[PDB]
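K.L.:
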Amino acid sequence: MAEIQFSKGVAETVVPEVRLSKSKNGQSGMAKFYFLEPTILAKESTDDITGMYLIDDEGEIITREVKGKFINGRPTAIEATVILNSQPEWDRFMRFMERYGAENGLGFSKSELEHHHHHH
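The numbering of the sequence shown is the working numbering, which starts it at 16 and goes up by one.
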């Protein structure tokens, strides 16, 4: 039931890429997310996004480090960064990527393959 929401309640079937990277000072670890032609550009404006809600099978993680990627003043891609300052955070990140990657092979859409449910 893992899914990505930019405003909670908005399920995104988009297939964003996942990359791992370190902080600027190389202190705490973090991960980058690439969104290509996301639908959140037709509902809410990019300037209306201040964070992303990652809902995992167990709990959820709140991310406020979100930046939009504009091309020549033409919105088309959005980027997000997750901070892994805490240790137990890695457990959810690895599980989310493991289960999420299994459902979508970075090329398959989450929709269709994942059945929708009335609850949450």
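Positions of the beta carbon are idealized from the N, C-alpha and C atoms, including for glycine.
Tell me, please, whether the region 21-32 touches the region 41-61 by the rule of three or more beta-carbon pairs shorter than 8 Å.
P.N.:
yes
K.L.:
Apply the 10 Å Cβ neighbour rule to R107 and answer buried if 16 or more other Cβ atoms are within range, or exposed otherwise.
P.N.:
Counting from 1 along the sequence shown, the entry for residue 107 is found at position 92. Result: buried.
K.L.:
Suppose you measure from the CA of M67 to the CA of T96; what does that come to, to the nearest Å?
P.N.:
The sequence position of residue 67 within the sequence shown is 52, counting from 1. The sequence position of residue 96 within the sequence shown is 81, counting from 1. The straight-line gap from Cα to Cα measures roughly 9 Å.
K.L.:
According to DSSP, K125 sits in a beta bridge with which residue or residues?
P.N.:
The residue labelled residue 125 in the question sits at position 110 within the sequence shown. BP columns for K125 are empty, so no partner.
K.L.:
Run through the DSSP bridge pairs and tell me what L51 is partnered with.
P.N.:
Position 36 of the sequence shown holds residue 51. Paired residue(s): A92.
K.L.:
Could you tell me which residues DSSP puts in a beta bridge with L99?
P.N.:
Translated into the one-based positions of the sequence shown, residue 99 becomes position 84. Paired residues: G44.
K.L.:
In the DSSP assignment, the beta strand (DSSP E) including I64 goes from what residue to what residue?
P.N.:
Your numbering for residue 64 matches position 49 in the sequence shown. It is not in any beta strand (DSSP E) - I64 carries neither H nor E in the DSSP assignment.
K.L.:
Below 8 Å between beta carbons: does that hold for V81 and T65?
P.N.:
For this step, residue 81 is matched to residue 66 along the sequence shown. For this step, residue 65 is matched to residue 50 along the sequence shown. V81 places its beta carbon less than 8 Å from that of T65.
K.L.:
Which residues share a DSSP beta bridge with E75?
P.N.:
For this step, residue 75 is matched to residue 60 along the sequence shown. According to DSSP, which records beta bridges pairwise, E75 is partnered with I70.
K.L.:
Of the choices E127, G116 and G122, whose alpha-carbon is the least far from that of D71?
P.N.:
Taking the first residue of the sequence shown as position 1, residue 71 is located at position 56. The candidate whose alpha carbon is nearest that of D71 is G116.
K.L.:
Straight-line CA distance for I76 to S124?
P.N.:
Here residue 76 refers to the residue found at position 61 when the sequence shown is read from its first residue. Here residue 124 refers to the residue found at position 109 when the sequence shown is read from its first residue. Each residue's alpha carbon lies about 22 Å from the other.
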